[PDB]
């Protein structure tokens, strides 16, 4: 069976903007995308999911994730002073102007409940809302509040399913599925 390059897949499957933001994220975290290709893919995936989440209800969400750290932190600070929200330890992904809370998105090849627990413990914030997607359609949100309607989340799930099927047809899926730390 023919086995493809993950880097190739990423550059063909993801938006050049997304790929660039992922590239810069890997830059500023001291890791080589040419070696950690699965990670390149995961960061691209997370980015696309955050963007789709925001795009699901335009002008409701503030995007924190896409920006470079310094800009993202200025944006977070601004949101905090303007709204009165608790400043997070971590860069969250979104801000919900409707529900008045920061949102952390997660995308996992693992079991979503465990991943949710690890994410929650990793952020140490009782005010931040957590939403976890898997590639298999399963999801897990804070206090069973899934924020978006079934259709939007189905759009996201369909995208994830497609990414997985295209990974698998290139033989890339197994290494990716099992390389999650």
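Positions refer to the first chain, counted from 1. Whichever C-alpha set is largest while still superposing within 1.5 Å between the two forms counts as the rigid core.
Asks: Superpose on the core, then say which of 67-75 and 92-100 ends up with the larger RMS Cα offset from this form in 9 other deposited structures of this protein.
Replies: Once the core is superposed, the stretch further away in 9 other deposited structures of this protein is 67-75.
Asks: Between 146-154 and 25-33, which has the larger RMS C-alpha deviation from this form in 9 other deposited structures of this protein after core superposition?
Replies: Per-stretch check in 9 other deposited structures of this protein: the more divergent one is 25-33.
Asks: Going by the average Cα B-factor in the PDB entry, point out whether 117-125 or 151-159 comes out higher.
Replies: So the stretch with the higher mean C-alpha B-factor is 117-125.
Asks: State which stretch shows the higher mean Cα B factor in the entry: 168-176 or 6-14.
Replies: Taking the mean B-factor of the alpha carbons in each, 6-14 is higher.
Asks: From 103, 107, 75, 85, pick the one with the largest CA B-factor in the entry?
Replies: Highest C-alpha B-factor among the listed residues goes to 85.
Asks: Among the choices 131, 143, 39, 58, identify the one whose CA B-factor in the record is greatest.
Replies: Result of the comparison over 131, 143, 39, 58: 58.
Asks: According to the PDB entry, is the CA B factor of residue 51 in the bottom, middle or top third of its chain, that is, lowest, middle or highest?
Replies: Lowest third - that is where residue 51 ends up once the chain's C-alpha B-factors are sorted.
Asks: Is the Cα B-factor recorded for residue 97 in the lowest, middle or highest third of its chain?
Replies: Residue 97: CA B-factor falls in the middle third of its chain.
Asks: For residue 64, return the chain-relative third of its C-alpha B-factor as stated in the PDB record: lowest, middle or highest.
Replies: Tercile = middle for this residue's CA B-factor.
Asks: Taking the chain's C-alpha temperature factors as the reference, tell me which third residue 112 falls into: lowest, middle or highest.
Replies: Residue 112: CA B-factor falls in the middle third of its chain.
Asks: Based on the deposited C-alpha B factors for this chain, I'd like to know if residue 35 is in the lowest, middle or highest third.
Replies: Middle third by C-alpha B-factor.
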